[PDB]
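Quick setup: one chain, the form deposited in one PDB entry, written in structure tokens, and binding and motion questions come after.
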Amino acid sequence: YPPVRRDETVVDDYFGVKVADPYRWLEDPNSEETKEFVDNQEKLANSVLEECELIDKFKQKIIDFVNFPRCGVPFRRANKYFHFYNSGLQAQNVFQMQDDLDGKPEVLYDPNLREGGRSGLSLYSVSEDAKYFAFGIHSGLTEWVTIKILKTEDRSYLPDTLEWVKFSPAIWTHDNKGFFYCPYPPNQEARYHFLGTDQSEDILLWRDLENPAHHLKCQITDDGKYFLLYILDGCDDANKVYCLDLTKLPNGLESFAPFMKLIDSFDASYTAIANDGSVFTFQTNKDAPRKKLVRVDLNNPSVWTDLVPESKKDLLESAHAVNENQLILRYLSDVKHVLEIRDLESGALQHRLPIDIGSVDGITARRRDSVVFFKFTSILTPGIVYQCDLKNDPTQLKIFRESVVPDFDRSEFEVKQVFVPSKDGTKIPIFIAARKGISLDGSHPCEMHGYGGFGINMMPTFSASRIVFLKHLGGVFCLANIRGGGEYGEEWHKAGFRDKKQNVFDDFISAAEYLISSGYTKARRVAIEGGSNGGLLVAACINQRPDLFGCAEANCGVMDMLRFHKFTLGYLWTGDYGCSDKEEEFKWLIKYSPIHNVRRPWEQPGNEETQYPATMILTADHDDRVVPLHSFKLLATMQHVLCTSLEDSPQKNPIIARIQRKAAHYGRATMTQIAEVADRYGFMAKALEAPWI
């Protein structure tokens, strides 16, 4: 282990509790001492990884399994269709256009020609007349985007260059004169940009200097009549709704704004699904933690009526107006999708299609489209684009595109869903994937994934690397739908946040206990993996029950729960986590903060045989979302407490960081991501003493 300096003078008082921070100096990513740490850890990592002789076998198998063409879900503008394509191994997906769904594609924008495809497209917007394509380009490693506009007819750029954007969409008016977007000043704003003008001329529609942390999303209705502005605070599923009637402006957007403030609190979520003139259909969680559809007339805005009442059991995850007078509702029913077709006007059910284990997403059809397309994936189904022609054949899903994994016979494997009790009795759904016919004799290596926060739904989607694990390591994979997610509505989220964050960890630990008791695996043959809030999941669980796990892989985790709120966008997570500035919330946080709860398990009576799992801490060197000090401080703390603070420690399992050079949080070019995942699985196979098959 490399020498890592401790600054024994750094100590802080939290409400009478003294907390030492000997690796505070790792918070400065620019010092030579920090850069030397990174160099030293990289060297150590490389030295451990070169002992992991299956990395190259995993890598090539992952490459081979990923090497298949993928056509994304198409969407329509005017007569043209647009979609993403990848021939299999391109660094990023290429944006294509066609005149006909089965006609020859033209390339509209290829991210691979820029910076070797470090980053793909995240902002992509096509104008209503299909003549213009607005998209976001990253300049360097930062999160800042520049919006450029290309003409679809000849692929020439407009001069227009819009700076100081991050995650804004570009929302076009039906007159094709320009678009709404939400930039920051050189305090997010809502602006309108006219084509052929400099950004300095853009019309200001909204700012709130009195609430600088409030952030914005926007939308235009399918009829082109209303601009909707949504105002959000932090990460809560709740928002304001402001409506601007574009038909009543004396001189268009040039006239400048006078929003109708339909909803002006943060009490509930509201997404506009459809309107007929002033009569709006919303999706909302108001008095409905599993969501519902409601109707309100802007001309009588006090009076809301249920259109599709809240299900007693199932989350209404999304809703989409289609074929002029219908709705497709996407329900999540015990973490499996159910698609319903309903009448828009009455809300009446017409058809109901339960979906197999997997996930349907990517419905982009608009009210005026009669063909709806969507994507289905699952652990054992790489990717199908389905089409449903509501005009001519409403009852049938037809396969439009079907991905094929080379040399993968899905019939050798099986996926099941089971429900397991947490400490408090609560039923936790888990998916379990494995070779068919295995013996439940405790002998299989097992990988478990989870997240558990922020109302995020964890779906069992396709992963090529997971198939390598299953087939070539004889592995058992588990995806655990722990609390803190949104899978059973807002009550599931809140049963796993703030003072109840510990429930999330208990759920995950309860799942691992089930997999051991049921005979899939055994204590110390279980690997756990998670990212971001899921990286926190991994780090807390290994601190609390190191005896259960043989390998832990924490991707860009939030590890200093006392100081996270002080860096970049960490302040937006206090909704889920609390904040150590407030004593009560400090008292939740200090009990599970990963860098504050590293302890030698062998010093606990009865626990003399126990060490920490083999641990890989992963992070990009320029993650501006979750700053890498989290990872670095946890690494330093573990290495110290468990290894270099002792002459001949019992901690034999390696503790290392895989630090990606010249990487942001976003990017993930194919080969870069494959390299990372190959390293994570080779390490796991070595940690669990699992042979290649």
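All residue numbers refer to positions in the sequence shown, first residue = 1. Here, rigid core means the biggest group of C-alpha atoms that superpose within 1.5 Å across both forms.
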Checklist outcome for this item: As the entry stands, the deposited residues without coordinates between residue 256 and residue 257 add up to 4 to 9
Checklist entry - What size is the break between residue 186 and residue 187 in terms of deposited sequence residues left without coordinates: none, 1 to 3, 4 to 9, or 10 or more? => result 10 or more
Checklist entry - As stated in the PDB record, which stretch has the larger average Cα B-factor, 290-298 or 383-391? => result 383-391
Checklist entry - Which is higher on average in the deposited entry, the C-alpha temperature factors of 223-231 or of 80-88? => result 223-231
Checklist entry - Say you rank 355, 349, 528, 428 by Cα B-factor from the PDB entry; which sits at the top? => result 355
Checklist entry - With respect to C-alpha B-factor, does residue 633 fall in the lowest, middle or highest third of the chain as deposited? => result middle
Checklist entry - Among the modelled residues of its chain, does the C-alpha B-factor of residue 122 lie in the lowest, middle or highest third? => result middle
Item to check | Third of the chain, ranked by Cα B-factor, where residue 10 sits | outcome: highest
Checklist entry - By the record's CA B-factor, is residue 103 among the lowest, middle or highest third of residues in the chain? => result highest
Next on the checklist: For the chain shown, is the CA B-factor of residue 413 in the lowest, middle or highest third of its modelled residues?
Outcome noted: middle
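FYI, the form deposited in another entry isn't displayed, but the following is about it.
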Next on the checklist: To test your reading of the superposition: with the rigid core aligned, which of 440, 89, 523, 101 moves its Cα by 2 angstroms or more between this form and the one not shown?
Outcome noted: 101
Checklist entry - Taking the rigid core as the frame, does residue 547 move its C-alpha by 2 Å or more between this form and the one not shown? => result no
Next on the checklist: Relative to the superposed rigid core, does residue 142 relocate between this form and the one not shown - that is, does its Cα move 2 Å or more?
Outcome noted: yes
